[PDB]
Amino acid sequence: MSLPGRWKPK
Amino acid sequence: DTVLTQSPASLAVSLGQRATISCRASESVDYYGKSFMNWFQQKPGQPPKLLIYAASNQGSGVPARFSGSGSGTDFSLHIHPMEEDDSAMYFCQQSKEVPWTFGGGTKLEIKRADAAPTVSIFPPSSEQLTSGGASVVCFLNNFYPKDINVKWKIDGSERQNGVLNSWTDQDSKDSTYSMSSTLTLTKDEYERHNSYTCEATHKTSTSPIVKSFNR
Amino acid sequence: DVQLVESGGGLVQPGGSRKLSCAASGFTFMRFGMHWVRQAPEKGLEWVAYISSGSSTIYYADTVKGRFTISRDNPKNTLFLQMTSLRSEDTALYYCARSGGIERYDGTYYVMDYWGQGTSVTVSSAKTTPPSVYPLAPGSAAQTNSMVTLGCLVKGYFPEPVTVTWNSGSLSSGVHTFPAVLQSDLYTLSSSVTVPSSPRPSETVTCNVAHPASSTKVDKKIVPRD
């Protein structure tokens, strides 16, 4: 899932 | 927080060889099939530069000589072949959790042939004596390895107090080190002695290199 | 291309406040999350704070959480770090780094892909002091081969830094400016140069020392003793 400032799913 | 244990704290690798730096995470940094593990190169007096992101992906202007491997809590940065401008501080970092954490870093230096230092000694300047001060300086330039001991002698007697030392970082062209040592006394105490000596013991010899001057 | 320039650092008394700025250019600033990372003298990198592109998500380091405030002004392409209750342990070079997104078939992994040169923050109550500059000329028994080594001792200044040049930058080879050592709230540094023997004292050799914090600039000619 989305981890602010680290990982943003498509 | 997930703590990162980076080893070794420092290393010396010959040109052409591989330099591997390891980084252990206290907690797995794996997240959704990816490893949130990054590596930075920091040249002296320069900002850090991204090298590898996501454990094994090379950043923008990163040479193929820089590789990275690992997953979970086990990670390594590889540099092969090692080249001249590779001497620098390297840091691992995890981007899975907040706070973002970095390894302690490792100073990577070029292992070059042993070179003995060029020792020069300097007396207090007229202007400093006018001020009521007396610093004696010793420059030990361009040697390898970095390890070297300098003892100060006043009339043959070893002095321990009022002496400040400093080492330059491994140089860009010759990959050597340089050191500076200053002994500071007042003008009145300096004027109480005759001989001042800089004696340096370095791996390149048993007997120390000695420089001195008489007041 | 992408340029980040921090500013605003300097000496601050313990318990003091200070605002640092980070000027962005070469990219679409409003589109990237940004960070502040600090590096203490002889220390590793320590993450300080994060802010999303639109300021919705802000994250801080625990040791900074109450005293430091991160913010940005997208229209002005500037990132800020407001610092209050400064502690000696906040003394560090502060860098702003961009949070760059990298595209994958499944998402975008973020990492600090661009960093600035940084601003130095010294949290101390020691007083700003100009350097005393002294020439280091060979002693009487001045034996020497083809080259001669000279130098300058820059004693008792505060705080860092000091820039040292020789012959206004003409003499750039064979120069060693050693890192400053802090002894009793006063810094000291020295610099050496090796010039061919024939050039001294025939040609003049002088060190130019500037201490920004004090508006200091000094030229110090190395004249032969005697």
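Chain letters run A, B, ... following the sequence lines, proteins first and then strands; every chain starts at 1. Both backbone and side-chain heavy atoms feed into the values below; hydrogens, waters and symmetry mates do not.
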Might you confirm whether atom [atom1] of [X] has over 12 heavy atoms from other residues, nucleotides or ligands at distances under 6.0 Å?
X         : atom1 : result
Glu27(B)  : CD    : no
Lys217(C) : NZ    : no
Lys146(B) : NZ    : yes
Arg192(B) : CZ    : no

Identify the heavy atoms of [X] and [Y] that sit nearest to each other, and give their distance.
X         : Y         : result
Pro124(B) : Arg225(C) : O-NH2, 2.6 Å
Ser180(B) : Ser190(C) : OG-OG, 2.9 Å
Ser166(B) : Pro179(C) : OG-O, 2.8 Å
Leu150(C) : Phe139(B) : O-CE1, 4.0 Å

Given heavy-atom pairs under 4.5 angstrom as the criterion, report whether the side chain, backbone, both or neither of [X] touches chain C.
X         : answer
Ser120(B) : side chain
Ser95(B)  : side chain
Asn165(B) : backbone
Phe91(B)  : side chain
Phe36(B)  : both

Heavy-atom distance under 4.5 Å between the side chains of [X] and [Y], does that happen here?
X         : Y         : answer
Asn38(B)  : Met112(C) : no
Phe122(B) : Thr149(C) : yes
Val133(C) : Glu127(B) : no
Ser192(C) : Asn141(B) : yes

Nearest 0.5 Å, please: how far is [atom2] in [Y] from [atom1] in [X]?
X         : Y         : atom1 : atom2 : result
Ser181(B) : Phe178(C) : OG    : CZ    : 10.5 Å
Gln42(B)  : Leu45(C)  : CD    : CG    : 6.0 Å
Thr182(B) : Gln183(C) : OG1   : CD    : 9.0 Å
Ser140(C) : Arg215(B) : OG    : CZ    : 14.0 Å
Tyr134(C) : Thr130(B) : OH    : OG1   : 9.0 Å
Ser60(B)  : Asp113(C) : OG    : CG    : 8.5 Å

Quiz prompt | Closest-packed option against chain C by number of heavy-atom pairs under 4.5 Å, given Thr118(B), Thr101(B), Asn142(B) | solution =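 Top option by heavy-atom pairs under 4.5 Å: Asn142(B).
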Practice problem: Could you have a look at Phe40(B), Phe213(B), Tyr32(B), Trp100(B) and say which one has the most heavy-atom pairs with chain C under 4.5 angstrom? | Solution: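 Answer, by heavy-atom pair count under 4.5 Å with chain C: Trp100(B).
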Self-check item: Trace of the side chain to side chain donor-acceptor pair (under 3.5 Å) decision for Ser178(B) with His176(C)
Solution: CA-CA 7 Å; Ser178(B) 292; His176(C) 281 110; 3.1 Å; yes
Region of [X] that comes under 4.5 Å of a non-hydrogen atom in chain B:
X         : result
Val37(C)  : side chain
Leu93(C)  : neither
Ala49(C)  : neither
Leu136(C) : both
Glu46(C)  : backbone
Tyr95(C)  : side chain
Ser173(C) : neither

Self-check item: Interface residue of largest heavy-atom contact number with chain B, from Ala61(C), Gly116(C), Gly174(C), under 4.5 Å
Solution: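 Maximum pair count with chain B is reached by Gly116(C).
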Exercise. Pick whichever of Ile102(C), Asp62(C), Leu153(C), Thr188(C) has the most heavy-atom pairs under 4.5 Å with chain B.
Key: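 Between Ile102(C), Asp62(C), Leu153(C), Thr188(C), the count favours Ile102(C).
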Exercise. Enumerate by number any residue of residues 44-56 of chain B whose heavy atoms lie under 4.5 Å from heavy atoms of chain C; in the absence of such residues, state 'none'.
Key: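 Within residues 44-56 of chain B, the residues that come under 4.5 Å of chain C (heavy atoms only) are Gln46(B), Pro47(B), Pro48(B), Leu50(B), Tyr53(B), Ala54(B).
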